[PDB]
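Read the structure below first, then the notes.
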Amino acid sequence: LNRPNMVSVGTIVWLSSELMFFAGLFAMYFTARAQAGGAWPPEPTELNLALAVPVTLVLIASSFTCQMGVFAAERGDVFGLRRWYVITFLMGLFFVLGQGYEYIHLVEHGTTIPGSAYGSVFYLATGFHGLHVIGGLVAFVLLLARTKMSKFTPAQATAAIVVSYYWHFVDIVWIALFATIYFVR
Amino acid sequence: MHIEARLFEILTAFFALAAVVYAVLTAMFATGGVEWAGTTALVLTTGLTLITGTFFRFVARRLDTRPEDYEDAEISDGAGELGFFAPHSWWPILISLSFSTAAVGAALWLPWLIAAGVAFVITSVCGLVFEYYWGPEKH
Amino acid sequence: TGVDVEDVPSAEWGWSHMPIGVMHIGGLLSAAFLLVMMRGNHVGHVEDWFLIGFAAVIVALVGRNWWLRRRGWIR
Amino acid sequence: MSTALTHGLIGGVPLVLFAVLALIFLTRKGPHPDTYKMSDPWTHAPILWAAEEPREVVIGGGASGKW
Amino acid sequence: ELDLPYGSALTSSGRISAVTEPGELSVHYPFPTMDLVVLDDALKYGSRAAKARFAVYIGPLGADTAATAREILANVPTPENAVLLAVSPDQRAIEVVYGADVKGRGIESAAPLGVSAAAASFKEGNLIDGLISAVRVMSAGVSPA
Amino acid sequence: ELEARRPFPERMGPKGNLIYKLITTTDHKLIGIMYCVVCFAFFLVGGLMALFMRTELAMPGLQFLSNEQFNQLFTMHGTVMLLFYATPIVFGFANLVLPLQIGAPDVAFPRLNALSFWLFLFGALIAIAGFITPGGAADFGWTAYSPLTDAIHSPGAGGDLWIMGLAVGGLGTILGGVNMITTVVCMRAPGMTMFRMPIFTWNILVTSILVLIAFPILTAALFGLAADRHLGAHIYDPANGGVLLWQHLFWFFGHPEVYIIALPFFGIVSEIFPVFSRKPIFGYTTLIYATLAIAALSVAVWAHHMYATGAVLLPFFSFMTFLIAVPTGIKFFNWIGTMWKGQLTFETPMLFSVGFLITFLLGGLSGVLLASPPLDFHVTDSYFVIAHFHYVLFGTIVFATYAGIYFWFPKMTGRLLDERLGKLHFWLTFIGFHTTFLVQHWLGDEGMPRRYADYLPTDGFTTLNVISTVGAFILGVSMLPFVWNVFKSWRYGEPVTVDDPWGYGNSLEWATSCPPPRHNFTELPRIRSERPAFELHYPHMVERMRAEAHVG
Ligand code: HEA
Ligand code: HEA
Ligand SMILES: [Cu+2]
Ligand SMILES: [Cu+2]
């Protein structure tokens with residue numbers, strides 16, 4: 001029975017809704033850029049492309065690690081699943097820490113949320129994505145803990161798969177945000 | 001799953017047409033140029049429909065006909081064993097109470113209440129996720 | 001004492017019955033207290049509405065229960 | 001203007017309309033059948049009513065009467 | 001009508017699936033609702049206290065009335081523990097029949113009392129009132145055993 | 001021989017039968033009942049707010065209210081009526097009758113179902129708990145426009161609670177939509193194809209897609225507004241395009257919303273008409289295609305709420321709205337062609353459906369008139385708009401909801417509502433509504449804008465306000481027969497020992513017991529058309545049904 005997977009359908013449609021949420025955020029950002037004429041990144045702001053690219057590379061690497069974990073999960077092997085998902089969790093935590101460090105260095109040199117119109121849209125566009133990353137990390141921890149406490153079944157496999165493409169959605173959203181904020185300007 | 005994919009593909013086509021038409025017609029003939037809000041909204045609505053329709057198309061392209069997708073199917077064709085459907089549970093109301101606590105702590109700016117609500121949300125979601133997987137107690 | 005096992009399954013395992021006169025008199029005295037709380041230094045009248053409404057609801061509930069038990073519709 | 005007039009209308013027209021429509025409708029006849037009179041013959045089908053209460057053919061007695 | 005009368009149909013199981021027209025009822029009892037409710041309450045709370053089913057029959061007994069009554073009692077769910085009261089308002093006959101398990105529990109000194117109450121109430125034309133009175137007195141008579 | 005029944009069914013149920021089941025239940029039928037009850041309670045509180053508004057609006061001058069109090073009153077009335085009654089009553093009806101209509105035993109995610117219900121309830125409570133604040137509830141409009149909602153203007157704590165309650169409720173609604181989509185996609189009987197399912201199911205699927213499109217962008221806008229109000233975040237600053245940004249976002253959410261609260265009720269009346277006309281539904285595929293067309297077009301007209309700002313491209317949105325006006329007319333003609341040449345009997349659901357037809361027709365005429373920008377230039381933000389959307393909203397939501405209750409009360413309880421009380425209720429509601437909301441067209445055409453707490457005697461409009469208040473009090477006294485009928489008929493009332501108490505029923509819900517069992521079915525009939533219960537209960541009609549299915 002169960003020719004298509006039901007948790008998969010649910011996760012896909014919910015990911016679509018979250019795409020609409022990020023649509024709202026992108027609209028907020030794209031407006032008020034057309035109002036800043038000239039040096040539209042204002043008085044004190046300078047983005048650090050020497051630190052923005054490594055964290056993106058780590059995020060893509062984590063996506064690849066998660067896909068490898070999915071491959072390990074499709075065959076009834078739980079230990080490879082665990083290894084690859086621990087690696088993915090660590091890479092994601094490193095991304096989050098790098099983003100926080102960039103936040104600190106950017107806030108102690110000017111740009112703040114109540115300081116300018118650019119700081120507000122920048123911080124809201126990136127912080128909600130960071131929150132989604134933290135949610136994905138929590139999901140990873142819960143999935144691993146659940147694998148520890150019962151026999152490995154196709155339901156466990158399905159859980160791994162749906163968590164994986166949630167992570168992939170987060171990664172593609174970050175790619176869009178990065179391309180929009182650091183290159184297009 | 002042909003009709004679901006076809007529905008979402010029709011929606012995608014119409015949304016993409018409307019998006020591109022609105023984009024170019026605000027690039028011209030508008031008081032300030034591109035509108036930059038409705039354009040983004042329509043583009044990412046098209047993206048929503050595209051994601052869902054593409055997933056459904058990929059599922060349908062590698063699946064045998066189901067008893068509910070085939071007329072002249074018999075009710076004894078679906079005989080078997082369906083999935084697992086949860087009986088009674090009390091975790092949803094606790095999840096809702098935790099989320100409401102965090103929401104009240106955000107409405108009235110109280111970071112201690114926000115943190116308590118977040119911790120309660122984590123705890124109750126853990127309880128919901130582990131409910132049918134805890135083993136017997138090890139004594 | 002005892003109630004029916006068809007109303008309280010574990011009636012033989014613990015205290016399961018409380019007489020209805022206690023509840024009726026308690027409700028009436030609660031309403032009386034709510035009413036008597038209109039004596040003091042409470043200038044303004046937005047709270048008298050709450051007191052009167054809460055007492056009226058309780059009296060109506062007690063009266064409904066007493067009537068339906070007197071006429072046999074419950075019990 | 002006409003404070004008393006507006007008050008009277010606002011407070012009275014809904015009640016009058018309610019009463020009229022209630023008289024028109026609630027005085028009609030319901031679909032419930034008429035009560036059986038013991039003078040006419042029993043025309044309904046036979047009825048058997050049980051108690052359902054005790055949850056889980058040799059006769060042991062009897063008694064008779066003729067009103 | 002014994003062949004699924006115009007709306008009823010046999011299903012994949014042995015269950016029937018009947019219908020009704022948009023303005024019609026499907027019970028057709030020539031008694032008030034608030035009298036059927038009192039009879040149901042009496043018939044339930046007497047059986048609960050007596051630990052024995054109580055049943056009521058209203059149709060005809062156009063034969064040996066005792067034989068028909070004790071052939072009717074065999075339709076009660078648990079006939080070996082049951083007390084049935086049958087009334088014919090055309091032949092004007094009242095008959096109470098028992099079971100084996102309900103015997104020596106106060107059944108002999110309560111059946112004539114039930115018949116007497118039912119008759120005394122039927123001599124004015126109160127069928128439901130007579131039934132309720134008879135059920136009350138017989139239920140107060142029988143004891144749980 | 002004989003068969004042993006009870007003199008009367010059991011009235012209520014044993015002690016302790018509901019309270020713990022109510023906290024731990026995962027049964028979609030009980031969840032739908034809870035939806036319905038809580039939604040009607042919120043309807044009552046919103047109606048009380050409207051009654052206060054009417055009684056102040058009569059008799060020029062401020063008699064007992066204040067300006068701030070009147071503002072809070074219309075804000076909270078609009079908010080409660082639009083988001084705490086209609087949007088959750090949609091999912092109440094869905095949870096009631098969708099798995100039965102597709103032949104399923106249960107919904108896809110039964111714990112997510114309960115989570116959606118509880119999120120709705122607690123979000124509504126959070127949003128409404130602003131009246132106990134010394135500043136009062138929210139006092140900007142229901143639309144909460146751009147610079148008025150910042151922290152300098154409207155600095156009270158009611159707006160914060162408003163925002164957070166809306167966010168909680170929106171998450172609940174999104175989860176409900178996900179559940180419904182997945183249920184229709186996966187759980188489905190082994191003979192029911194997608195072009196054999198009911199129009200109510202089709203409309204619910206479309207409404208769920210619209211929900212998934214519309215609600216997340218409102219959540220994003222609310223989070224941006226909270227960021228402003230609590231951190232000084234320059235996002236809706238008028239030095240930017242912050243004034244028009246908020247309007248664009250909010251109306252992109254808000255028009256799909258008014259289409260979210262219409263299509264399930266179109267589906268309800270399209271399920272009700274054929275049963276009481278003893279005919280098939282006219283143009284099954286045409287109705288499906290009209291629903292899809294409305295769903296598609298509803299996401300490109302949002303700016304017809306922004307004609308007077310002087311910042312939108314008028315012809316695009318005007319053409320889109322004129323276009324969206326056509327599938328509704330096709331749907332109306334299908335509903336009429338269903339009743340044409342039948343055997344019509346008018347019980348309470350059919351009566352309420354005809355009232356719906358009339359009222360919605362007039363409201364839609366007003367709307368398509370309102371869709372012209374030159375005319376909107378005069379009649380916008382007046383009582384003409386109020387009259388229009390009250391006609392459409394009342395006609396669809398209130399009338400189709402009452403029709404659905406009168407229709408499906410037996411299928412959920414095993415009892416019948418009284419019909420004389422239903423006729424009294426219908427006529428009270430009809431007279432009251434057409435007395436209170438007809439003169440407002442004139443009221444708004446002559447200069448009288450919306451959201452005014454007071455006016456002057458030297459103006460006109462002092463008799464029409466009194467007439468509208470009289471009608472409003474009639475509408476207020478209309479609810480007592482309905483409430484009394486439900487309260488009595490739940491416990492007493494004619495029992496239903498059959499399937500289909502309204503004979504000639506379709507849609508596979510009338511082919512199971514009157515109160516359905518847990519998992520809803522003990523047997524399923526062969527599925528060949530969209531009328532399986534009809535083909536099951538009248539087997540001699542299949543030949544006559546297929547022979548003449550195309551004459552017209
Ligand atoms: C269920 C709710 C609902 C529904 C169904 C509708 C349906 C429609 N609405 Fe309405 N509308 C609202 C609720 C609704 N509306 C609300 C709540 C507001 C304002 C909220 C706020 O501002 O507070 C609003 C505001 C609103 C405005 C802006 C008014 C203003 O702010 O000034 C406009 C104008 O473009 C409009 C137009 C329409 C049109 C064209 C339809 C069409 O769907 C109607 C089509 C109906 C018909 C019956 C046509 C069918 C066709 C035929 C029958 C053939 C004949 C055709 C012609 C006559 C040419 N609506
Ligand atoms: C579906 C949604 C909905 C519904 C059903 C209603 C129902 C009613 N509305 Fe409302 N209305 C709106 C949605 C709705 N409205 C919206 C969106 C606005 C614009 C919002 C904005 O301005 O911000 C609006 C604005 C609005 C105004 C303009 C206020 C202002 O701008 O000045 C007026 C006044 O004439 C009005 C009147 C009514 C009346 C008389 C009813 C009647 O149908 C209701 C009468 C019903 C009852 C009276 C209930 C019965 C009450 C009791 C019996 C009390 C007993 C109950 C308990 C004890 C708790 N409405
Ligand atoms: Cu609109
Ligand atoms: Cu305006």
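In the structure tokens, the first chain shown is A, the next is B, and so on; residue numbers restart at 1 for each chain, and ligands run from 1 in the order shown.
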
Quiz item: Which residues sit within 7 Å of ligand 3, counting only C-alpha atoms and all ligand atoms, listed as a ChimeraX atom specification?
Solution: /F:255,302,304-305

Quiz item: Can you list, as a ChimeraX atom specification, every residue of stretch 64-198 of chain F that DSSP puts in helix (DSSP H, G or I)?
Solution: /F:67-102,110-128,158-186

Quiz item: Taking only C-alpha atoms and all ligand atoms into account, which residues are within 6 Å of ligand 2, as number ranges by chain?
Solution: F: 44-45, 47-48, 50-51, 54, 74-75, 78, 81-82, 141-142, 393-394, 450-452, 472, 475-476

Write a file of the selected residues as a PDB file, in the first residue's frame, keeping N, CA, C and O atoms.
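Listed below is the output, again31.pdb:
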ATOM      1  N   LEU F  44     -21.632  35.799  17.954  1.00  0.00           N
ATOM      2  CA  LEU F  44     -22.500  36.525  18.877  1.00  0.00           C
ATOM      3  C   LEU F  44     -21.807  37.758  19.446  1.00  0.00           C
ATOM      4  O   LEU F  44     -22.419  38.831  19.548  1.00  0.00           O
ATOM      5  N   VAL F  45     -20.532  37.637  19.820  1.00  0.00           N
ATOM      6  CA  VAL F  45     -19.860  38.806  20.400  1.00  0.00           C
ATOM      7  C   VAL F  45     -19.660  39.896  19.342  1.00  0.00           C
ATOM      8  O   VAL F  45     -19.830  41.097  19.618  1.00  0.00           O
ATOM      9  N   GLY F  47     -21.653  40.430  16.813  1.00  0.00           N
ATOM     10  CA  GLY F  47     -22.958  41.041  16.633  1.00  0.00           C
ATOM     11  C   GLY F  47     -23.307  42.018  17.736  1.00  0.00           C
ATOM     12  O   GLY F  47     -23.953  43.039  17.489  1.00  0.00           O
ATOM     13  N   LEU F  48     -22.896  41.720  18.969  1.00  0.00           N
ATOM     14  CA  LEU F  48     -23.139  42.665  20.055  1.00  0.00           C
ATOM     15  C   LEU F  48     -22.379  43.970  19.832  1.00  0.00           C
ATOM     16  O   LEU F  48     -22.915  45.066  20.068  1.00  0.00           O
ATOM     17  N   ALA F  50     -21.648  45.198  16.928  1.00  0.00           N
ATOM     18  CA  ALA F  50     -22.379  45.897  15.873  1.00  0.00           C
ATOM     19  C   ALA F  50     -23.650  46.553  16.406  1.00  0.00           C
ATOM     20  O   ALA F  50     -24.049  47.623  15.932  1.00  0.00           O
ATOM     21  N   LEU F  51     -24.310  45.920  17.379  1.00  0.00           N
ATOM     22  CA  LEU F  51     -25.509  46.516  17.964  1.00  0.00           C
ATOM     23  C   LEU F  51     -25.181  47.804  18.704  1.00  0.00           C
ATOM     24  O   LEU F  51     -25.920  48.794  18.600  1.00  0.00           O
ATOM     25  N   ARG F  54     -24.697  50.457  16.043  1.00  0.00           N
ATOM     26  CA  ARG F  54     -25.955  50.935  15.473  1.00  0.00           C
ATOM     27  C   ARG F  54     -26.677  51.872  16.427  1.00  0.00           C
ATOM     28  O   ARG F  54     -27.152  52.944  16.022  1.00  0.00           O
ATOM     29  N   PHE F  74     -15.754  49.368  15.945  1.00  0.00           N
ATOM     30  CA  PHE F  74     -15.812  48.878  14.569  1.00  0.00           C
ATOM     31  C   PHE F  74     -14.566  48.080  14.208  1.00  0.00           C
ATOM     32  O   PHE F  74     -14.666  47.093  13.466  1.00  0.00           O
ATOM     33  N   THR F  75     -13.403  48.437  14.763  1.00  0.00           N
ATOM     34  CA  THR F  75     -12.205  47.643  14.505  1.00  0.00           C
ATOM     35  C   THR F  75     -12.393  46.202  14.954  1.00  0.00           C
ATOM     36  O   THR F  75     -12.219  45.262  14.168  1.00  0.00           O
ATOM     37  N   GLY F  78     -15.164  44.189  12.969  1.00  0.00           N
ATOM     38  CA  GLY F  78     -14.684  43.684  11.694  1.00  0.00           C
ATOM     39  C   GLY F  78     -13.699  42.545  11.855  1.00  0.00           C
ATOM     40  O   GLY F  78     -13.801  41.517  11.179  1.00  0.00           O
ATOM     41  N   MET F  81     -15.497  39.293  13.194  1.00  0.00           N
ATOM     42  CA  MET F  81     -16.414  38.699  12.229  1.00  0.00           C
ATOM     43  C   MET F  81     -15.671  38.096  11.045  1.00  0.00           C
ATOM     44  O   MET F  81     -16.063  37.041  10.537  1.00  0.00           O
ATOM     45  N   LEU F  82     -14.592  38.733  10.591  1.00  0.00           N
ATOM     46  CA  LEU F  82     -13.913  38.208   9.414  1.00  0.00           C
ATOM     47  C   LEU F  82     -12.931  37.084   9.730  1.00  0.00           C
ATOM     48  O   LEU F  82     -12.761  36.178   8.909  1.00  0.00           O
ATOM     49  N   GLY F 141      -8.323  50.918  11.797  1.00  0.00           N
ATOM     50  CA  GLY F 141      -9.276  50.088  11.094  1.00  0.00           C
ATOM     51  C   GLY F 141      -8.914  48.616  11.159  1.00  0.00           C
ATOM     52  O   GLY F 141      -7.869  48.215  11.668  1.00  0.00           O
ATOM     53  N   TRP F 142      -9.814  47.782  10.631  1.00  0.00           N
ATOM     54  CA  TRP F 142      -9.470  46.379  10.435  1.00  0.00           C
ATOM     55  C   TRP F 142      -8.313  46.231   9.456  1.00  0.00           C
ATOM     56  O   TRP F 142      -7.541  45.270   9.541  1.00  0.00           O
ATOM     57  N   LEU F 393     -21.198  39.324   1.810  1.00  0.00           N
ATOM     58  CA  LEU F 393     -20.747  38.532   2.948  1.00  0.00           C
ATOM     59  C   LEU F 393     -21.913  37.846   3.632  1.00  0.00           C
ATOM     60  O   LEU F 393     -21.851  36.651   3.933  1.00  0.00           O
ATOM     61  N   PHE F 394     -22.988  38.586   3.900  1.00  0.00           N
ATOM     62  CA  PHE F 394     -24.142  37.996   4.553  1.00  0.00           C
ATOM     63  C   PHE F 394     -24.718  36.888   3.689  1.00  0.00           C
ATOM     64  O   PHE F 394     -24.782  35.729   4.115  1.00  0.00           O
ATOM     65  N   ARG F 450     -17.721  56.143   5.752  1.00  0.00           N
ATOM     66  CA  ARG F 450     -17.676  55.083   6.741  1.00  0.00           C
ATOM     67  C   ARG F 450     -16.787  55.482   7.915  1.00  0.00           C
ATOM     68  O   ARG F 450     -15.935  56.368   7.814  1.00  0.00           O
ATOM     69  N   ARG F 451     -17.029  54.824   9.052  1.00  0.00           N
ATOM     70  CA  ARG F 451     -16.212  54.938  10.258  1.00  0.00           C
ATOM     71  C   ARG F 451     -16.394  56.278  10.969  1.00  0.00           C
ATOM     72  O   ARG F 451     -15.513  56.714  11.710  1.00  0.00           O
ATOM     73  N   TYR F 452     -17.525  56.953  10.765  1.00  0.00           N
ATOM     74  CA  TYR F 452     -17.848  58.144  11.545  1.00  0.00           C
ATOM     75  C   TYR F 452     -18.662  57.785  12.779  1.00  0.00           C
ATOM     76  O   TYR F 452     -19.711  57.144  12.675  1.00  0.00           O
ATOM     77  N   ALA F 472     -31.344  46.485  12.263  1.00  0.00           N
ATOM     78  CA  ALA F 472     -30.270  45.820  12.992  1.00  0.00           C
ATOM     79  C   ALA F 472     -30.789  45.154  14.256  1.00  0.00           C
ATOM     80  O   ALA F 472     -30.354  44.053  14.607  1.00  0.00           O
ATOM     81  N   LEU F 475     -32.473  41.981  13.218  1.00  0.00           N
ATOM     82  CA  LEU F 475     -31.450  40.963  12.994  1.00  0.00           C
ATOM     83  C   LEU F 475     -30.887  40.434  14.304  1.00  0.00           C
ATOM     84  O   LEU F 475     -30.526  39.257  14.396  1.00  0.00           O
ATOM     85  N   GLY F 476     -30.792  41.290  15.319  1.00  0.00           N
ATOM     86  CA  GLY F 476     -30.305  40.837  16.610  1.00  0.00           C
ATOM     87  C   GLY F 476     -31.275  39.903  17.302  1.00  0.00           C
ATOM     88  O   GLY F 476     -30.870  38.898  17.890  1.00  0.00           O
TER      89      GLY F 476
END

Self-check item: Given 8 Å and only C-alpha atoms and all ligand atoms, residues near ligand 4 as a ChimeraX atom specification
Solution: /F:305-306,308-309,380-381

Write a file of the just-selected residues containing N, CA and C atoms, as an mmCIF file, in the first residue's frame.
data_model
loop_
_atom_site.group_PDB
_atom_site.id
_atom_site.type_symbol
_atom_site.label_atom_id
_atom_site.label_comp_id
_atom_site.auth_asym_id
_atom_site.auth_seq_id
_atom_site.Cartn_x
_atom_site.Cartn_y
_atom_site.Cartn_z
ATOM 1 N N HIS F 305 -8.711 47.968 -4.440
ATOM 2 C CA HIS F 305 -8.921 48.628 -3.160
ATOM 3 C C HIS F 305 -8.049 49.861 -2.994
ATOM 4 N N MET F 306 -7.342 50.278 -4.045
ATOM 5 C CA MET F 306 -6.382 51.370 -3.956
ATOM 6 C C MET F 306 -6.581 52.377 -5.080
ATOM 7 N N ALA F 308 -8.192 55.276 -5.160
ATOM 8 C CA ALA F 308 -8.152 56.684 -4.788
ATOM 9 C C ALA F 308 -6.780 57.155 -4.326
ATOM 10 N N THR F 309 -5.792 56.267 -4.238
ATOM 11 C CA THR F 309 -4.460 56.681 -3.817
ATOM 12 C C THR F 309 -3.690 57.394 -4.918
ATOM 13 N N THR F 380 -16.231 55.473 -3.049
ATOM 14 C CA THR F 380 -15.286 54.744 -2.216
ATOM 15 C C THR F 380 -15.256 55.310 -0.802
ATOM 16 N N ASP F 381 -15.022 54.418 0.161
ATOM 17 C CA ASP F 381 -14.898 54.774 1.573
ATOM 18 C C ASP F 381 -16.162 55.466 2.080
#

Practice problem: Using only C-alpha atoms, determine which residues lie at most 8 Å from stretch 344-347 of chain F, disregarding the query and same-chain residues fewer than 4 positions distant; provide the list as a PyMOL selection string. | Solution: (chain E and resi 22-23) or (chain F and resi 276-278+339+351+419)

With N, CA and C atoms retained, could you export that selection as a PDB file, in the first residue's frame?
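Output below, filename again-v1.pdb:
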ATOM      1  N   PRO E  22     -38.099  14.170   2.147  1.00  0.00           N
ATOM      2  CA  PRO E  22     -37.530  15.339   2.843  1.00  0.00           C
ATOM      3  C   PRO E  22     -38.371  15.912   3.976  1.00  0.00           C
ATOM      4  N   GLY E  23     -39.645  15.558   4.101  1.00  0.00           N
ATOM      5  CA  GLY E  23     -40.447  16.149   5.154  1.00  0.00           C
ATOM      6  C   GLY E  23     -41.051  15.165   6.133  1.00  0.00           C
TER       7      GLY E  23
ATOM      8  N   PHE F 276     -32.995  18.765  -3.272  1.00  0.00           N
ATOM      9  CA  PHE F 276     -34.346  19.276  -3.126  1.00  0.00           C
ATOM     10  C   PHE F 276     -34.984  19.650  -4.454  1.00  0.00           C
ATOM     11  N   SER F 277     -34.249  19.558  -5.559  1.00  0.00           N
ATOM     12  CA  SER F 277     -34.859  19.685  -6.874  1.00  0.00           C
ATOM     13  C   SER F 277     -35.054  18.342  -7.562  1.00  0.00           C
ATOM     14  N   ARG F 278     -34.535  17.256  -6.983  1.00  0.00           N
ATOM     15  CA  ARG F 278     -34.685  15.905  -7.530  1.00  0.00           C
ATOM     16  C   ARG F 278     -34.122  15.817  -8.945  1.00  0.00           C
ATOM     17  N   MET F 339     -32.193  23.932 -10.916  1.00  0.00           N
ATOM     18  CA  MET F 339     -33.566  23.954 -10.428  1.00  0.00           C
ATOM     19  C   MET F 339     -34.595  23.952 -11.548  1.00  0.00           C
ATOM     20  N   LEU F 351     -34.845  26.898   1.500  1.00  0.00           N
ATOM     21  CA  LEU F 351     -35.247  28.281   1.730  1.00  0.00           C
ATOM     22  C   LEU F 351     -34.028  29.172   1.940  1.00  0.00           C
ATOM     23  N   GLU F 419     -38.731  22.437  12.021  1.00  0.00           N
ATOM     24  CA  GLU F 419     -38.843  23.187  10.779  1.00  0.00           C
ATOM     25  C   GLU F 419     -39.675  24.457  10.896  1.00  0.00           C
TER      26      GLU F 419
END

Quiz item: Got a sec to pull out which chain A residues are within 6 Å of chain B, counting only C-alpha atoms, and send them as a list in words?
Solution: residues 16, 23 and 27 of chain A
